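Enquirer: File name model24.txt; file contents compact mmCIF, N, CA and C atoms; full text below.
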# COMPACT_ATOMS: atom_id res chain seq x y z
N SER P 1 -177.26 -71.64 -54.53
CA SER P 1 -176.78 -70.36 -55.09
C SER P 1 -175.33 -70.07 -54.69
N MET P 2 -174.37 -70.81 -55.24
CA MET P 2 -172.95 -70.44 -55.21
C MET P 2 -172.68 -69.27 -56.17
N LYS P 3 -171.82 -68.33 -55.77
CA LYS P 3 -171.46 -67.13 -56.55
C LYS P 3 -169.94 -67.03 -56.71
N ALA P 4 -169.38 -67.70 -57.72
CA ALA P 4 -167.92 -67.79 -57.93
C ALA P 4 -167.52 -67.91 -59.43
N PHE P 5 -166.22 -67.80 -59.74
CA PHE P 5 -165.63 -68.05 -61.07
C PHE P 5 -164.49 -69.07 -60.99
N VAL P 6 -164.22 -69.78 -62.09
CA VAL P 6 -163.08 -70.72 -62.19
C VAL P 6 -161.73 -70.00 -62.23
N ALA P 7 -160.66 -70.75 -61.95
CA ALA P 7 -159.28 -70.30 -62.06
C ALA P 7 -158.96 -69.70 -63.46
N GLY P 8 -158.02 -68.76 -63.51
CA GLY P 8 -157.71 -67.99 -64.72
C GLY P 8 -158.72 -66.91 -65.13
N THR P 9 -159.89 -66.78 -64.48
CA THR P 9 -160.82 -65.66 -64.77
C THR P 9 -160.16 -64.32 -64.43
N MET P 10 -160.02 -63.44 -65.43
CA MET P 10 -159.35 -62.14 -65.31
C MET P 10 -160.21 -61.10 -64.58
N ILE P 11 -159.57 -60.20 -63.82
CA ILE P 11 -160.16 -59.15 -62.98
C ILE P 11 -159.47 -57.81 -63.25
N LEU P 12 -160.23 -56.72 -63.42
CA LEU P 12 -159.69 -55.38 -63.69
C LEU P 12 -159.15 -54.66 -62.44
N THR P 13 -157.90 -54.19 -62.51
CA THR P 13 -157.17 -53.51 -61.43
C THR P 13 -156.75 -52.09 -61.83
N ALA P 14 -156.19 -51.31 -60.90
CA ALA P 14 -155.65 -49.97 -61.19
C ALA P 14 -154.44 -49.98 -62.14
N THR P 15 -153.71 -51.10 -62.19
CA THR P 15 -152.47 -51.25 -62.98
C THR P 15 -152.64 -52.13 -64.22
N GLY P 16 -153.68 -52.96 -64.29
CA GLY P 16 -154.03 -53.77 -65.46
C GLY P 16 -155.08 -54.85 -65.17
N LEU P 17 -154.69 -56.12 -65.30
CA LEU P 17 -155.49 -57.30 -64.98
C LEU P 17 -154.79 -58.20 -63.94
N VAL P 18 -155.57 -58.97 -63.18
CA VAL P 18 -155.12 -60.06 -62.29
C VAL P 18 -156.03 -61.27 -62.43
N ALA P 19 -155.55 -62.49 -62.20
CA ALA P 19 -156.43 -63.66 -62.12
C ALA P 19 -157.17 -63.71 -60.77
N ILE P 20 -158.41 -64.19 -60.75
CA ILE P 20 -159.20 -64.28 -59.51
C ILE P 20 -158.57 -65.21 -58.47
N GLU P 21 -157.83 -66.23 -58.93
CA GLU P 21 -157.02 -67.13 -58.09
C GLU P 21 -155.85 -66.43 -57.38
N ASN P 22 -155.53 -65.18 -57.76
CA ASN P 22 -154.40 -64.39 -57.26
C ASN P 22 -154.83 -63.07 -56.58
N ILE P 23 -156.12 -62.71 -56.56
CA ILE P 23 -156.64 -61.64 -55.69
C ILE P 23 -156.40 -62.02 -54.22
N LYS P 24 -155.96 -61.07 -53.39
CA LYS P 24 -155.80 -61.24 -51.92
C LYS P 24 -156.59 -60.19 -51.13
N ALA P 25 -156.89 -60.44 -49.86
CA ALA P 25 -157.36 -59.39 -48.95
C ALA P 25 -156.36 -58.22 -48.91
N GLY P 26 -156.84 -56.98 -49.05
CA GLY P 26 -156.02 -55.77 -49.17
C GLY P 26 -155.51 -55.47 -50.59
N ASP P 27 -155.77 -56.35 -51.57
CA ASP P 27 -155.64 -55.98 -52.99
C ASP P 27 -156.80 -55.10 -53.45
N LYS P 28 -156.56 -54.31 -54.50
CA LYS P 28 -157.52 -53.40 -55.12
C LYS P 28 -157.97 -53.87 -56.49
N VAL P 29 -159.20 -53.50 -56.82
CA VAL P 29 -159.86 -53.71 -58.12
C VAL P 29 -160.67 -52.48 -58.51
N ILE P 30 -160.95 -52.30 -59.80
CA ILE P 30 -161.96 -51.34 -60.25
C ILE P 30 -163.37 -51.86 -59.96
N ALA P 31 -164.23 -50.97 -59.49
CA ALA P 31 -165.61 -51.23 -59.15
C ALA P 31 -166.43 -50.07 -59.72
N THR P 32 -167.33 -50.39 -60.64
CA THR P 32 -168.19 -49.38 -61.28
C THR P 32 -169.53 -49.36 -60.58
N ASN P 33 -169.78 -48.26 -59.88
CA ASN P 33 -170.98 -48.03 -59.07
C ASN P 33 -172.28 -48.22 -59.89
N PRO P 34 -173.15 -49.22 -59.60
CA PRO P 34 -174.39 -49.44 -60.36
C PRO P 34 -175.47 -48.36 -60.13
N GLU P 35 -175.24 -47.40 -59.22
CA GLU P 35 -176.15 -46.27 -58.96
C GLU P 35 -176.04 -45.18 -60.03
N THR P 36 -174.81 -44.80 -60.38
CA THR P 36 -174.51 -43.62 -61.20
C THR P 36 -173.36 -43.86 -62.20
N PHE P 37 -172.88 -45.11 -62.29
CA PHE P 37 -171.75 -45.53 -63.13
C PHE P 37 -170.46 -44.74 -62.89
N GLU P 38 -170.25 -44.31 -61.64
CA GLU P 38 -168.97 -43.77 -61.18
C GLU P 38 -167.95 -44.91 -61.09
N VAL P 39 -166.81 -44.73 -61.75
CA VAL P 39 -165.74 -45.73 -61.82
C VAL P 39 -164.69 -45.42 -60.77
N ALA P 40 -164.45 -46.34 -59.84
CA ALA P 40 -163.50 -46.15 -58.74
C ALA P 40 -162.62 -47.38 -58.50
N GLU P 41 -161.44 -47.15 -57.92
CA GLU P 41 -160.63 -48.18 -57.28
C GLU P 41 -161.18 -48.44 -55.87
N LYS P 42 -161.35 -49.71 -55.47
CA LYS P 42 -161.70 -50.10 -54.10
C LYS P 42 -160.91 -51.33 -53.66
N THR P 43 -160.68 -51.47 -52.35
CA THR P 43 -159.94 -52.61 -51.78
C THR P 43 -160.83 -53.81 -51.42
N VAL P 44 -160.21 -54.98 -51.29
CA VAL P 44 -160.82 -56.28 -50.94
C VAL P 44 -160.70 -56.57 -49.44
N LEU P 45 -161.80 -57.00 -48.81
CA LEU P 45 -161.85 -57.33 -47.38
C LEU P 45 -161.53 -58.80 -47.07
N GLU P 46 -162.08 -59.72 -47.87
CA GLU P 46 -161.93 -61.18 -47.77
C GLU P 46 -162.00 -61.85 -49.15
N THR P 47 -161.41 -63.04 -49.24
CA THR P 47 -161.24 -63.83 -50.47
C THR P 47 -161.65 -65.28 -50.23
N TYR P 48 -162.84 -65.64 -50.72
CA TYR P 48 -163.45 -66.95 -50.57
C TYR P 48 -163.10 -67.91 -51.71
N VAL P 49 -163.08 -69.21 -51.41
CA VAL P 49 -162.85 -70.30 -52.38
C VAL P 49 -163.71 -71.51 -52.05
N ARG P 50 -164.44 -72.02 -53.04
CA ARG P 50 -165.32 -73.20 -52.97
C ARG P 50 -164.91 -74.26 -54.00
N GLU P 51 -165.57 -75.41 -53.97
CA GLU P 51 -165.49 -76.45 -55.01
C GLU P 51 -166.89 -76.87 -55.50
N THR P 52 -167.06 -77.03 -56.82
CA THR P 52 -168.30 -77.50 -57.45
C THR P 52 -168.03 -78.30 -58.73
N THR P 53 -168.90 -79.26 -59.03
CA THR P 53 -168.93 -80.00 -60.31
C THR P 53 -169.82 -79.37 -61.38
N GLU P 54 -170.69 -78.43 -61.02
CA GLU P 54 -171.66 -77.82 -61.94
C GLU P 54 -171.18 -76.45 -62.42
N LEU P 55 -170.83 -76.34 -63.70
CA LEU P 55 -170.35 -75.09 -64.30
C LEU P 55 -171.23 -74.61 -65.46
N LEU P 56 -171.12 -73.31 -65.70
CA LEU P 56 -171.79 -72.56 -66.76
C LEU P 56 -170.75 -71.79 -67.58
N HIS P 57 -170.83 -71.85 -68.90
CA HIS P 57 -169.98 -71.08 -69.82
C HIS P 57 -170.84 -70.02 -70.51
N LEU P 58 -170.43 -68.76 -70.41
CA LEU P 58 -171.02 -67.65 -71.14
C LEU P 58 -169.96 -67.01 -72.06
N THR P 59 -170.34 -66.66 -73.28
CA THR P 59 -169.52 -65.81 -74.17
C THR P 59 -170.15 -64.42 -74.23
N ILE P 60 -169.39 -63.39 -73.87
CA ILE P 60 -169.78 -61.98 -73.96
C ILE P 60 -168.79 -61.26 -74.88
N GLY P 61 -169.23 -60.71 -76.01
CA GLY P 61 -168.37 -59.96 -76.94
C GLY P 61 -167.12 -60.72 -77.45
N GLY P 62 -167.19 -62.05 -77.53
CA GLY P 62 -166.08 -62.93 -77.92
C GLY P 62 -165.20 -63.45 -76.77
N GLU P 63 -165.36 -62.93 -75.55
CA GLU P 63 -164.68 -63.40 -74.34
C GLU P 63 -165.54 -64.45 -73.62
N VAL P 64 -164.99 -65.64 -73.42
CA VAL P 64 -165.59 -66.68 -72.56
C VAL P 64 -165.33 -66.38 -71.09
N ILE P 65 -166.40 -66.33 -70.30
CA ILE P 65 -166.40 -66.25 -68.85
C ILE P 65 -167.16 -67.45 -68.27
N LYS P 66 -166.39 -68.42 -67.76
CA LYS P 66 -166.86 -69.62 -67.05
C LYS P 66 -167.20 -69.30 -65.58
N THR P 67 -168.44 -69.56 -65.16
CA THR P 67 -169.01 -69.08 -63.88
C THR P 67 -169.99 -70.08 -63.25
N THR P 68 -170.54 -69.77 -62.07
CA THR P 68 -171.62 -70.55 -61.44
C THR P 68 -173.00 -70.20 -61.99
N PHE P 69 -173.93 -71.15 -61.94
CA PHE P 69 -175.26 -71.03 -62.55
C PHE P 69 -176.14 -69.94 -61.90
N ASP P 70 -175.82 -69.51 -60.67
CA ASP P 70 -176.52 -68.45 -59.93
C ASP P 70 -175.73 -67.12 -59.85
N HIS P 71 -174.61 -66.97 -60.58
CA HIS P 71 -173.77 -65.76 -60.48
C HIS P 71 -174.49 -64.48 -60.98
N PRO P 72 -174.51 -63.36 -60.23
CA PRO P 72 -175.16 -62.11 -60.64
C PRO P 72 -174.36 -61.27 -61.66
N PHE P 73 -174.96 -61.04 -62.83
CA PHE P 73 -174.49 -60.14 -63.90
C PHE P 73 -175.42 -58.93 -64.06
N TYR P 74 -174.91 -57.77 -64.49
CA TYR P 74 -175.73 -56.56 -64.69
C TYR P 74 -176.24 -56.39 -66.13
N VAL P 75 -177.55 -56.13 -66.29
CA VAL P 75 -178.28 -55.95 -67.56
C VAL P 75 -178.68 -54.48 -67.76
N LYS P 76 -178.46 -53.96 -68.97
CA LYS P 76 -178.81 -52.59 -69.36
C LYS P 76 -180.31 -52.31 -69.19
N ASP P 77 -180.64 -51.20 -68.53
CA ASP P 77 -182.01 -50.74 -68.24
C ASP P 77 -182.85 -51.72 -67.38
N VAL P 78 -182.22 -52.69 -66.70
CA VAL P 78 -182.90 -53.75 -65.93
C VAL P 78 -182.27 -53.92 -64.55
N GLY P 79 -180.98 -54.24 -64.48
CA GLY P 79 -180.27 -54.51 -63.23
C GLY P 79 -179.67 -55.92 -63.15
N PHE P 80 -179.52 -56.48 -61.95
CA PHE P 80 -178.77 -57.73 -61.74
C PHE P 80 -179.61 -59.01 -61.92
N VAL P 81 -179.02 -60.03 -62.56
CA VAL P 81 -179.65 -61.31 -62.93
C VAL P 81 -178.66 -62.48 -62.82
N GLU P 82 -179.17 -63.66 -62.49
CA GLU P 82 -178.41 -64.91 -62.46
C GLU P 82 -177.94 -65.35 -63.86
N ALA P 83 -176.67 -65.74 -63.96
CA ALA P 83 -176.00 -66.10 -65.21
C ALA P 83 -176.69 -67.24 -65.96
N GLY P 84 -177.23 -68.22 -65.23
CA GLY P 84 -177.97 -69.34 -65.80
C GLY P 84 -179.38 -68.99 -66.29
N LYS P 85 -179.89 -67.78 -66.02
CA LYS P 85 -181.22 -67.31 -66.45
C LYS P 85 -181.18 -66.34 -67.64
N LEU P 86 -179.99 -65.83 -67.99
CA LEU P 86 -179.73 -65.05 -69.22
C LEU P 86 -180.10 -65.80 -70.52
N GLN P 87 -180.22 -65.06 -71.62
CA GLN P 87 -180.36 -65.57 -72.99
C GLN P 87 -179.24 -65.02 -73.90
N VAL P 88 -179.05 -65.63 -75.06
CA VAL P 88 -178.22 -65.06 -76.14
C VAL P 88 -178.89 -63.81 -76.72
N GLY P 89 -178.06 -62.83 -77.08
CA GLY P 89 -178.49 -61.55 -77.63
C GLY P 89 -178.99 -60.55 -76.59
N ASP P 90 -178.93 -60.86 -75.29
CA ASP P 90 -179.31 -59.92 -74.22
C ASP P 90 -178.14 -59.00 -73.84
N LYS P 91 -178.47 -57.88 -73.20
CA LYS P 91 -177.62 -56.69 -73.11
C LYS P 91 -176.97 -56.54 -71.73
N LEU P 92 -175.68 -56.87 -71.62
CA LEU P 92 -174.89 -56.69 -70.39
C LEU P 92 -174.16 -55.34 -70.41
N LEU P 93 -173.46 -54.97 -69.34
CA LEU P 93 -172.60 -53.78 -69.30
C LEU P 93 -171.14 -54.09 -68.95
N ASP P 94 -170.24 -53.17 -69.31
CA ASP P 94 -168.81 -53.22 -69.01
C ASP P 94 -168.36 -52.24 -67.91
N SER P 95 -167.06 -52.20 -67.61
CA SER P 95 -166.44 -51.31 -66.61
C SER P 95 -166.59 -49.80 -66.85
N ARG P 96 -166.92 -49.34 -68.07
CA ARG P 96 -167.27 -47.94 -68.35
C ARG P 96 -168.78 -47.70 -68.21
N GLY P 97 -169.58 -48.75 -68.39
CA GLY P 97 -171.05 -48.71 -68.37
C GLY P 97 -171.64 -48.72 -69.78
N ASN P 98 -170.86 -49.15 -70.78
CA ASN P 98 -171.25 -49.29 -72.18
C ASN P 98 -171.84 -50.68 -72.44
N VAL P 99 -172.68 -50.82 -73.48
CA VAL P 99 -173.47 -52.04 -73.70
C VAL P 99 -172.67 -53.15 -74.37
N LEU P 100 -172.72 -54.32 -73.75
CA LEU P 100 -172.24 -55.61 -74.26
C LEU P 100 -173.40 -56.55 -74.65
N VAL P 101 -173.11 -57.59 -75.44
CA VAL P 101 -174.09 -58.59 -75.89
C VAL P 101 -173.62 -60.02 -75.57
N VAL P 102 -174.54 -60.88 -75.13
CA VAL P 102 -174.29 -62.32 -74.96
C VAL P 102 -174.24 -62.99 -76.34
N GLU P 103 -173.14 -63.69 -76.62
CA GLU P 103 -172.87 -64.43 -77.85
C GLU P 103 -173.25 -65.92 -77.75
N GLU P 104 -173.11 -66.53 -76.57
CA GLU P 104 -173.42 -67.95 -76.32
C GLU P 104 -173.70 -68.20 -74.83
N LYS P 105 -174.57 -69.17 -74.55
CA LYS P 105 -174.80 -69.80 -73.24
C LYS P 105 -174.62 -71.33 -73.34
N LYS P 106 -173.79 -71.90 -72.47
CA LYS P 106 -173.39 -73.33 -72.45
C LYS P 106 -173.31 -73.86 -71.01
N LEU P 107 -173.48 -75.17 -70.83
CA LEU P 107 -173.51 -75.85 -69.53
C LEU P 107 -172.78 -77.20 -69.62
N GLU P 108 -172.15 -77.66 -68.53
CA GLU P 108 -171.75 -79.06 -68.35
C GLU P 108 -171.62 -79.46 -66.87
N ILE P 109 -171.57 -80.77 -66.63
CA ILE P 109 -171.06 -81.35 -65.38
C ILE P 109 -169.59 -81.76 -65.58
N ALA P 110 -168.72 -81.24 -64.72
CA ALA P 110 -167.31 -81.61 -64.63
C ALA P 110 -167.11 -83.03 -64.05
N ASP P 111 -166.03 -83.68 -64.47
CA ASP P 111 -165.64 -85.04 -64.08
C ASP P 111 -164.99 -85.11 -62.68
N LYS P 112 -164.62 -83.95 -62.13
CA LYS P 112 -164.08 -83.73 -60.79
C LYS P 112 -164.53 -82.36 -60.25
N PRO P 113 -164.64 -82.17 -58.92
CA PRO P 113 -164.99 -80.87 -58.34
C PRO P 113 -163.90 -79.82 -58.61
N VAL P 114 -164.25 -78.80 -59.39
CA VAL P 114 -163.36 -77.70 -59.80
C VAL P 114 -163.34 -76.61 -58.73
N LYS P 115 -162.17 -75.99 -58.50
CA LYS P 115 -162.03 -74.86 -57.57
C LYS P 115 -162.49 -73.56 -58.19
N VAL P 116 -163.18 -72.77 -57.38
CA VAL P 116 -163.83 -71.53 -57.80
C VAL P 116 -163.70 -70.46 -56.72
N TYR P 117 -163.49 -69.22 -57.14
CA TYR P 117 -163.04 -68.10 -56.31
C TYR P 117 -164.07 -66.96 -56.32
N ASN P 118 -164.20 -66.24 -55.20
CA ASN P 118 -165.04 -65.04 -55.07
C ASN P 118 -164.52 -64.10 -53.96
N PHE P 119 -164.88 -62.82 -53.96
CA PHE P 119 -164.39 -61.85 -52.97
C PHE P 119 -165.37 -60.70 -52.69
N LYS P 120 -165.17 -59.99 -51.57
CA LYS P 120 -166.01 -58.85 -51.15
C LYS P 120 -165.24 -57.52 -51.02
N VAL P 121 -165.87 -56.44 -51.48
CA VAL P 121 -165.30 -55.10 -51.71
C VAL P 121 -165.65 -54.13 -50.57
N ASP P 122 -164.76 -53.17 -50.31
CA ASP P 122 -164.74 -52.28 -49.14
C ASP P 122 -165.93 -51.31 -48.94
N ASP P 123 -166.55 -50.79 -50.01
CA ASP P 123 -167.70 -49.86 -49.94
C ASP P 123 -168.69 -50.12 -51.09
N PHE P 124 -168.18 -50.12 -52.32
CA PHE P 124 -168.92 -50.61 -53.49
C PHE P 124 -169.17 -52.12 -53.37
N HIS P 125 -170.06 -52.64 -54.20
CA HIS P 125 -170.49 -54.04 -54.22
C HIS P 125 -170.52 -54.63 -55.64
N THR P 126 -169.68 -54.10 -56.53
CA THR P 126 -169.44 -54.58 -57.90
C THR P 126 -167.95 -54.77 -58.19
N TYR P 127 -167.64 -55.49 -59.27
CA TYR P 127 -166.32 -55.62 -59.88
C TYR P 127 -166.45 -56.07 -61.35
N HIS P 128 -165.33 -56.30 -62.03
CA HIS P 128 -165.27 -56.56 -63.48
C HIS P 128 -164.51 -57.84 -63.83
N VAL P 129 -165.03 -58.61 -64.79
CA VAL P 129 -164.54 -59.95 -65.13
C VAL P 129 -164.28 -60.14 -66.63
N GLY P 130 -163.23 -60.90 -66.94
CA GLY P 130 -162.78 -61.21 -68.31
C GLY P 130 -162.07 -60.06 -69.03
N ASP P 131 -161.45 -60.35 -70.17
CA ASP P 131 -160.77 -59.38 -71.05
C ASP P 131 -161.71 -58.27 -71.58
N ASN P 132 -163.03 -58.54 -71.61
CA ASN P 132 -164.09 -57.59 -71.95
C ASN P 132 -164.69 -56.82 -70.76
N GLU P 133 -164.23 -57.07 -69.53
CA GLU P 133 -164.49 -56.25 -68.33
C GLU P 133 -165.98 -56.16 -67.92
N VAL P 134 -166.68 -57.29 -67.93
CA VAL P 134 -168.14 -57.39 -67.71
C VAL P 134 -168.51 -57.11 -66.25
N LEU P 135 -169.58 -56.35 -66.02
CA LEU P 135 -170.04 -55.88 -64.70
C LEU P 135 -170.83 -56.94 -63.91
N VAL P 136 -170.39 -57.22 -62.68
CA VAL P 136 -170.92 -58.28 -61.79
C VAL P 136 -170.97 -57.83 -60.33
N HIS P 137 -171.78 -58.50 -59.50
CA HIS P 137 -172.08 -58.11 -58.11
C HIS P 137 -171.31 -58.95 -57.07
N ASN P 138 -171.12 -58.42 -55.85
CA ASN P 138 -170.57 -59.12 -54.67
C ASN P 138 -171.55 -60.12 -54.02
Any chance you could put this one into structure tokens?

Expert:
Amino acid sequence: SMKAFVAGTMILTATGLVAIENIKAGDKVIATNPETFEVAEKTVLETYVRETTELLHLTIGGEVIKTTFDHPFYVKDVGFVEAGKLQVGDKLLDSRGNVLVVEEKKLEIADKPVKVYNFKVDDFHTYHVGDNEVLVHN
């Protein structure tokens, strides 16, 4: 159960977007509280990086988000689930808490171990990924 994203994966900030490869400790991101959908800015405590050959591709609302097979995503009226256990046409949420839909699920083995990034948040335990701002867990 690795929990990471590939390089170039976009992250929602107070000023716009950043790549996950460029988040640092003491940088801020938007975090939408899964208790009450309160939208807040929160800071980063640590920034982890791993390597893996096993990747998963998901399309949400026309945005591709390449991730790990065990990565936690939030589902409408259900809660958090592993990215590799989702189906097409199932209901995710965004940074406002509005409903998104899965367009595609895809898998491959990479020809070399790819670098993948993850981080932990100061009080909240969520953040947002891709140009469509999809809700995910720490």

Enquirer: Just to confirm, what's the straight-line distance from atom N of residue P:133 to atom C of residue P:110 in Å (one decimal)?

Expert: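 Separating atom N of residue P:133 from atom C of residue P:110 is a distance of 26.7 Å.
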
Enquirer: Neighbouring residues of residue P:92 were defined as those with any atom within 8 Å, considering all atoms listed in the file; residues of the same chain fewer than 3 positions away were excluded. Please report them as a ChimeraX atom specification.

Expert: /P:73-77,89,97-102,134-135

Enquirer: Using all atoms listed in the file, which protein or nucleic acid residues come within 7 Å of residue P:67? Drop anything in the same chain fewer than 3 positions from it, and give the result as an MDAnalysis selection string.

Expert: chainID P and resid 4:6 54:58 70:71

Enquirer: Please provide as a PyMOL selection string all residues within 8 Å of residue P:13, with the sequence filter that same-chain residues fewer than 3 positions apart are discarded (counting all atoms listed in the file).

Expert: chain P and resi 10+16-18+28-31+41+128

Enquirer: Out of P:24, P:34, P:52, P:78, which residue has the shortest atom-to-atom distance to residue P:125 when counting all atoms listed in the file?

Expert: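 Closest candidate: P:34.
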